[PDB]
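Worksheet: the structure to be examined is printed underneath.
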Amino acid sequence: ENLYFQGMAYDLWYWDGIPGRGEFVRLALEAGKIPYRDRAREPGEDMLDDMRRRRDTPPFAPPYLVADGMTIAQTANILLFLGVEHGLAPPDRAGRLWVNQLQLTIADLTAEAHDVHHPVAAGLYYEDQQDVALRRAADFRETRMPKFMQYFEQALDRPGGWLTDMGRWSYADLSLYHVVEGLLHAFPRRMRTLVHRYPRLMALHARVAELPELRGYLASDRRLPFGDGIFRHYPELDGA
Amino acid sequence: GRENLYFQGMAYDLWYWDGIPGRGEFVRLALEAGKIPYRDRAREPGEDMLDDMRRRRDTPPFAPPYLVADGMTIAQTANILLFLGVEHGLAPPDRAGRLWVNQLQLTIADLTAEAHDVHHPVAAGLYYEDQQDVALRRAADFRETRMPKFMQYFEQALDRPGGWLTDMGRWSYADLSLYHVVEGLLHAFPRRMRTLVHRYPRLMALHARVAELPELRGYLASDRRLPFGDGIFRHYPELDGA
Ligand SMILES: [Cl-]
Ligand SMILES: [Cl-]
Ligand SMILES: [Cl-]
Ligand SMILES: [Cl-]
Ligand SMILES: [Cl-]
Ligand SMILES: [Cl-]
């Protein structure tokens, strides 16, 4: 590597090994063609030591992005920055606030997808909370997934095939693609039932998958598969 | 004259559930302290929020609260507050300061959701009584690991001169939110807070400082400030502990 334009590179800090929350940021950086370093994936990485450093603006948890001497944490907050700085969101306030709330709603769904298998405690193993997971999964499948998906289906009721009227994808379109990917992995049977209800959502999902901007990244070693992150396939939690 | 007047159509419309302070309280504190005219529409006789939300078609809210302001319908508590911070100076004027306040608010929102999920760990739509056994388990973790982690975080975020979360030289909306989440925890987990509060002198100083703001005096003593009950912050003795 070591080519000139990488002097502008942002530092992204998020766990190696799973897509996780970091994936929402990474999708925007890749599609936006914004130079960055995936610091925790580098051989001599020390995210432990980096995150405990004295900062004026300390991250509570990953992901965080270091840009212009700023340390920016919270997935939606990092993307808000990229939206304004790199044009991944509308130019006007109304548009940016719309994209921000969409991203926050996507983050809500994403958290629910994690909490389905960790309903008692993020810090306890799934195995010790499986009985609770079975109960929470029934609600998540029966009420939560349709509610969120109907909402995004209605958000997409506009000319041009994106979440906004900006005439191109926003970072929220990328994030919506990703949460659908996550749900397809974690709940394949339930999605099989539900996808027919949401043709605009599934057209959006398909359209992002085929973006020229993302072709390279999605086929690359930088795109990690799902596993034991947010979106986990436990067949006992799935259902028609 | 003393009283700030406004003509028809000037007030923002805040739409949030009546009965509980809930998520709407974070917005209400900022509008009140910032002296931004607003109507708490869902509390007014004859108004129907569920009806109002149905018609909201260009930028529909997923759920309350939402704010109808300056031609926009703005939803998500942190998003509503982001607008107020930028347009009414309730957050720093600079980019880095705004991003800092926004992440602090989102972190406050994480803690707030966890305070709700302690008693609704299975489903927001099901009654507490039907998921009480699960709640006991979730509560043990929330008290033991989560509450101190968030509180320590805010204690460190406050380690700067000036007695606020930012370097702007005054309270921001995240400072008001931080006061409110501490009020909520004091109500819901009084025994655990008895153990914890001594650890966080800057946080408790912040809490007391906001409580005393002359711009909040009227509001906090008014009928407009609803007490906690069966909203987000709920006092269940069985979920509390040292
Ligand atoms: Cl994941
Ligand atoms: Cl269990
Ligand atoms: Cl409440
Ligand atoms: Cl609307
Ligand atoms: Cl139970
Ligand atoms: Cl102690």
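Identifiers in this document derive from the order of the structure tokens: chains are assigned A, B, ..., residues are numbered from 1 separately in each chain, and ligands are numbered from 1 in order of occurrence.
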Residue list (helix (DSSP H, G or I), DSSP) for stretch 137-200 of chain B, as a ChimeraX atom specification | /B:137-157,173-188,190-199
Write out the residues from the selection above, keeping C-alpha atoms, as a JSON list (two decimals), in the first residue's frame.
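Result saved to out_9.json:
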```
[["chain", "number", "residue", "atom", "x", "y", "z"],
["B", 137, "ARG", "CA", -32.43, -11.75, 36.45],
["B", 138, "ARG", "CA", -32.00, -8.69, 34.23],
["B", 139, "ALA", "CA", -32.15, -6.36, 37.27],
["B", 140, "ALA", "CA", -29.21, -8.12, 38.94],
["B", 141, "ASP", "CA", -27.00, -7.30, 35.91],
["B", 142, "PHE", "CA", -28.36, -3.77, 35.46],
["B", 143, "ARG", "CA", -27.62, -2.95, 39.14],
["B", 144, "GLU", "CA", -24.29, -4.82, 39.31],
["B", 145, "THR", "CA", -22.59, -3.94, 36.02],
["B", 146, "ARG", "CA", -24.61, -1.52, 33.86],
["B", 147, "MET", "CA", -25.57, 1.28, 36.23],
["B", 148, "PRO", "CA", -22.01, 1.76, 37.54],
["B", 149, "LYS", "CA", -20.54, 1.56, 34.01],
["B", 150, "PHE", "CA", -22.77, 4.36, 32.66],
["B", 151, "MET", "CA", -22.42, 6.45, 35.82],
["B", 152, "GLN", "CA", -18.61, 6.17, 35.86],
["B", 153, "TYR", "CA", -18.64, 7.14, 32.18],
["B", 154, "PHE", "CA", -20.57, 10.34, 32.92],
["B", 155, "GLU", "CA", -18.30, 11.04, 35.88],
["B", 156, "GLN", "CA", -15.30, 10.97, 33.50],
["B", 157, "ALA", "CA", -17.08, 12.93, 30.75],
["B", 173, "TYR", "CA", -29.36, 19.59, 26.29],
["B", 174, "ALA", "CA", -27.22, 16.55, 27.23],
["B", 175, "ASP", "CA", -26.70, 18.12, 30.68],
["B", 176, "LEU", "CA", -30.49, 18.34, 31.14],
["B", 177, "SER", "CA", -30.91, 14.77, 29.94],
["B", 178, "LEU", "CA", -28.20, 13.60, 32.35],
["B", 179, "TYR", "CA", -29.99, 15.26, 35.24],
["B", 180, "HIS", "CA", -33.20, 13.51, 34.17],
["B", 181, "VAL", "CA", -31.75, 10.01, 33.84],
["B", 182, "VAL", "CA", -30.29, 10.41, 37.37],
["B", 183, "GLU", "CA", -33.76, 11.49, 38.62],
["B", 184, "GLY", "CA", -35.17, 8.37, 36.97],
["B", 185, "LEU", "CA", -32.59, 6.06, 38.58],
["B", 186, "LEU", "CA", -33.12, 7.71, 41.99],
["B", 187, "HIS", "CA", -36.79, 6.90, 41.68],
["B", 188, "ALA", "CA", -36.47, 3.34, 40.30],
["B", 190, "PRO", "CA", -33.22, 4.06, 45.46],
["B", 191, "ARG", "CA", -31.36, 1.30, 47.37],
["B", 192, "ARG", "CA", -28.74, 0.79, 44.63],
["B", 193, "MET", "CA", -28.34, 4.56, 44.25],
["B", 194, "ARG", "CA", -27.75, 4.79, 48.00],
["B", 195, "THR", "CA", -24.69, 2.54, 47.42],
["B", 196, "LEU", "CA", -23.48, 4.25, 44.27],
["B", 197, "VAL", "CA", -23.92, 8.03, 44.49],
["B", 198, "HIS", "CA", -20.82, 8.76, 46.65],
["B", 199, "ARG", "CA", -18.66, 7.36, 43.83]]
```
Quick one: contact table of chain B to ligand 5, 6 Å max, nearest atom pair and distance in Å to one decimal per residue, counting only C-alpha atoms and all ligand atoms, chain and number order, as a tab-separated table?
```
residue	atom	partner	partner_atom_place_in_ligand_line	distance
B:130	CA	ligand 5	1 (Cl)	5.4
B:131	CA	ligand 5	1 (Cl)	3.4
B:132	CA	ligand 5	1 (Cl)	4.6
B:133	CA	ligand 5	1 (Cl)	3.8
B:134	CA	ligand 5	1 (Cl)	4.7
```
Around ligand 2, at most 7 Å away and counting only C-alpha atoms and all ligand atoms, which residues are there? Put them as an NGL selection string, please.
-> :A and (128-132)
Just need the residues of chain B within 7 Å of chain A, counting only C-alpha atoms, so spit them out as number ranges by chain.
-> B: 59, 62, 72, 75-76, 79, 96, 99-100, 102-103, 121-123, 137-138, 141, 153
Would you work out the distance separating atom CA of residue B:203 from atom CA of residue B:166, expressed in Å to one decimal?
->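 Value for the atom CA of residue B:203-atom CA of residue B:166 distance: 13.3 Å.
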Name the residues in contact with residue B:13 at a cut-off of 10 Å, using only C-alpha atoms, excluding same-chain residues fewer than 5 positions from it; report them as a tab-separated table (two decimals) with N, CA and C atoms, in the first residue's frame.
```
chain	number	residue	atom	x	y	z
B	37	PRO	N	-41.17	28.24	22.77
B	37	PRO	CA	-42.61	28.01	22.83
B	37	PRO	C	-43.03	26.69	22.17
B	38	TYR	N	-43.88	25.93	22.87
B	38	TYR	CA	-44.35	24.64	22.37
B	38	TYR	C	-45.72	24.32	22.96
B	39	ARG	N	-46.45	23.45	22.27
B	39	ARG	CA	-47.71	22.95	22.78
B	39	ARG	C	-47.57	21.45	22.98
B	40	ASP	N	-47.91	21.00	24.19
B	40	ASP	CA	-47.90	19.57	24.53
B	40	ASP	C	-49.24	19.01	24.08
B	41	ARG	N	-49.32	18.72	22.78
B	41	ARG	CA	-50.60	18.52	22.10
B	41	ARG	C	-51.44	17.37	22.64
B	42	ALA	N	-50.78	16.27	22.97
B	42	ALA	CA	-51.48	15.05	23.40
B	42	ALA	C	-52.14	15.18	24.78
B	66	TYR	N	-42.52	12.94	18.78
B	66	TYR	CA	-42.16	13.69	17.58
B	66	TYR	C	-42.52	15.17	17.76
B	67	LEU	N	-41.80	15.99	17.04
B	67	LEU	CA	-41.89	17.42	17.10
B	67	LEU	C	-42.20	17.96	15.72
B	68	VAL	N	-43.27	18.70	15.64
B	68	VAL	CA	-43.63	19.39	14.41
B	68	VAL	C	-43.19	20.85	14.56
B	69	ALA	N	-42.18	21.22	13.77
B	69	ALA	CA	-41.46	22.48	13.93
B	69	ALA	C	-41.01	22.94	12.56
B	70	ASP	N	-41.31	24.19	12.22
B	70	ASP	CA	-40.71	24.83	11.04
B	70	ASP	C	-40.88	23.97	9.78
B	73	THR	N	-41.50	17.30	10.48
B	73	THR	CA	-41.91	16.38	11.52
B	73	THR	C	-40.69	15.59	11.93
```
Could you tell me, counting only C-alpha atoms and all ligand atoms, which protein and nucleic acid residues lie no more than 10 Å from ligand 4, written as a PyMOL selection string?
-> chain B and resi 52-61+68+71-74
Restrict the selected residues to C-alpha atoms and save them as a PDB file, in the first residue's frame.
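Done, and the output landed in part-v6.pdb:
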```
ATOM      1  CA  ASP B  52     -52.199  12.788  14.036  1.00  0.00           C
ATOM      2  CA  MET B  53     -49.422  10.266  13.492  1.00  0.00           C
ATOM      3  CA  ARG B  54     -51.384   8.464  10.718  1.00  0.00           C
ATOM      4  CA  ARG B  55     -51.474  11.572   8.523  1.00  0.00           C
ATOM      5  CA  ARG B  56     -47.740  12.205   8.932  1.00  0.00           C
ATOM      6  CA  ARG B  57     -46.743  10.917   5.497  1.00  0.00           C
ATOM      7  CA  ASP B  58     -43.598  12.629   4.080  1.00  0.00           C
ATOM      8  CA  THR B  59     -41.352  11.963   7.124  1.00  0.00           C
ATOM      9  CA  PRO B  60     -43.406   9.601   9.327  1.00  0.00           C
ATOM     10  CA  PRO B  61     -42.312   9.000  12.931  1.00  0.00           C
ATOM     11  CA  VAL B  68     -43.629  19.391  14.409  1.00  0.00           C
ATOM     12  CA  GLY B  71     -42.401  22.618   8.434  1.00  0.00           C
ATOM     13  CA  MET B  72     -40.704  19.421   9.618  1.00  0.00           C
ATOM     14  CA  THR B  73     -41.912  16.380  11.518  1.00  0.00           C
ATOM     15  CA  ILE B  74     -38.928  15.286  13.577  1.00  0.00           C
TER      16      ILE B  74
END
```
Contacts with ligand 1 at most 6 Å, only C-alpha atoms and all ligand atoms counted, listed as a PyMOL selection string = chain A and resi 18-20+226+229-231
Dump of N, CA and C atoms for the selected residues, as a short mmCIF file (atom, residue, chain, number, x, y, z; two decimals), in the first residue's frame:
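out24.cif written:
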```cif
data_model
loop_
_atom_site.label_atom_id
_atom_site.label_comp_id
_atom_site.auth_asym_id
_atom_site.auth_seq_id
_atom_site.Cartn_x
_atom_site.Cartn_y
_atom_site.Cartn_z
N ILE A 18 -16.04 -10.09 13.63
CA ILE A 18 -17.48 -10.03 13.33
C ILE A 18 -17.81 -8.68 12.68
N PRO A 19 -18.82 -8.65 11.78
CA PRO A 19 -19.25 -7.35 11.20
C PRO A 19 -19.71 -6.40 12.30
N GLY A 20 -20.68 -6.83 13.10
CA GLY A 20 -21.12 -6.03 14.27
C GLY A 20 -21.64 -4.64 13.92
N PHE A 226 -21.34 -13.09 8.93
CA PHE A 226 -21.99 -13.14 10.25
C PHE A 226 -21.54 -14.39 11.03
N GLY A 229 -21.89 -12.34 16.39
CA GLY A 229 -22.02 -10.91 16.67
C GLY A 229 -23.43 -10.54 17.05
N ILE A 230 -23.94 -9.49 16.41
CA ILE A 230 -25.31 -9.05 16.61
C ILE A 230 -26.31 -10.05 16.01
N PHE A 231 -26.09 -10.38 14.74
CA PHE A 231 -27.00 -11.24 13.98
C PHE A 231 -26.49 -12.68 14.02
#
```
Would you mind reading off the distance between atom CA of residue A:9 and atom CA of residue A:82, one decimal, in Å?
->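 Computing it gives 13.0 Å between the two atoms.
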Go through the chains and note each residue within 7 Å of ligand 3, using only C-alpha atoms and all ligand atoms, then give the set as a PyMOL selection string.
-> chain B and resi 20-23+228-233
Determine the nearest neighbour of residue B:169 from the options B:200, B:15, B:97, B:235, counting only C-alpha atoms.
->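 Of B:200, B:15, B:97, B:235, the one nearest residue B:169 is B:97, counting only C-alpha atoms.
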So what do you get for atom CA of residue B:11 versus atom CA of residue B:36, distance-wise?
->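 Between atom CA of residue B:11 and atom CA of residue B:36 the gap is 7.7 Å.
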Mind checking which residues fall within 10 Å of residue A:26, counting only C-alpha atoms, ignoring those fewer than 5 positions away in the same chain, and posting them as a PyMOL selection string?
-> chain A and resi 12+14+19+21+31-32+34+36+38+79+217+222-223
With a distance cut-off of 10 Å and only C-alpha atoms, select the neighbouring residues of residue B:129, excluding the residue or stretch itself and same-chain residues fewer than 4 positions from it, and output the selection as a ChimeraX atom specification.
-> /B:119-120,133,135
Tell me, as a JSON list (two decimals) with C-alpha atoms, in the first residue's frame, which residues lie within 10 Å of residue A:213, counting only C-alpha atoms; anything in the same chain fewer than 5 positions away does not count.
```
[["chain", "number", "residue", "atom", "x", "y", "z"],
["A", 27, "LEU", "CA", -20.22, 0.22, 4.46],
["A", 28, "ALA", "CA", -20.39, 4.02, 4.22],
["A", 30, "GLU", "CA", -16.21, 1.82, 1.40],
["A", 31, "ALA", "CA", -19.12, 2.98, -0.80],
["A", 32, "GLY", "CA", -18.16, 6.62, -0.19],
["A", 33, "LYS", "CA", -14.53, 5.84, -1.16],
["A", 208, "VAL", "CA", -27.61, -1.76, -2.64],
["A", 218, "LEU", "CA", -18.62, -7.09, -0.60]]
```
May I have all residues of stretch 12-239 of chain B that DSSP, computed from the backbone, assigns to strand (DSSP E), given as a ChimeraX atom specification?
-> /B:12-15,38-40,66-69,72-75
Can you write just those residues out, C-alpha atoms, as a PDB file, in the first residue's frame?
```pdb
ATOM      1  CA  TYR B  12     -43.692  23.952  18.050  1.00  0.00           C
ATOM      2  CA  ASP B  13     -46.040  20.981  18.472  1.00  0.00           C
ATOM      3  CA  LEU B  14     -44.686  18.261  20.779  1.00  0.00           C
ATOM      4  CA  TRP B  15     -46.492  14.938  20.418  1.00  0.00           C
ATOM      5  CA  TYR B  38     -44.351  24.644  22.368  1.00  0.00           C
ATOM      6  CA  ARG B  39     -47.711  22.945  22.781  1.00  0.00           C
ATOM      7  CA  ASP B  40     -47.900  19.569  24.533  1.00  0.00           C
ATOM      8  CA  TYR B  66     -42.165  13.686  17.582  1.00  0.00           C
ATOM      9  CA  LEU B  67     -41.892  17.423  17.104  1.00  0.00           C
ATOM     10  CA  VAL B  68     -43.629  19.391  14.409  1.00  0.00           C
ATOM     11  CA  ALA B  69     -41.459  22.484  13.926  1.00  0.00           C
ATOM     12  CA  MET B  72     -40.704  19.421   9.618  1.00  0.00           C
ATOM     13  CA  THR B  73     -41.912  16.380  11.518  1.00  0.00           C
ATOM     14  CA  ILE B  74     -38.928  15.286  13.577  1.00  0.00           C
ATOM     15  CA  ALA B  75     -38.850  11.986  15.493  1.00  0.00           C
TER      16      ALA B  75
END
```
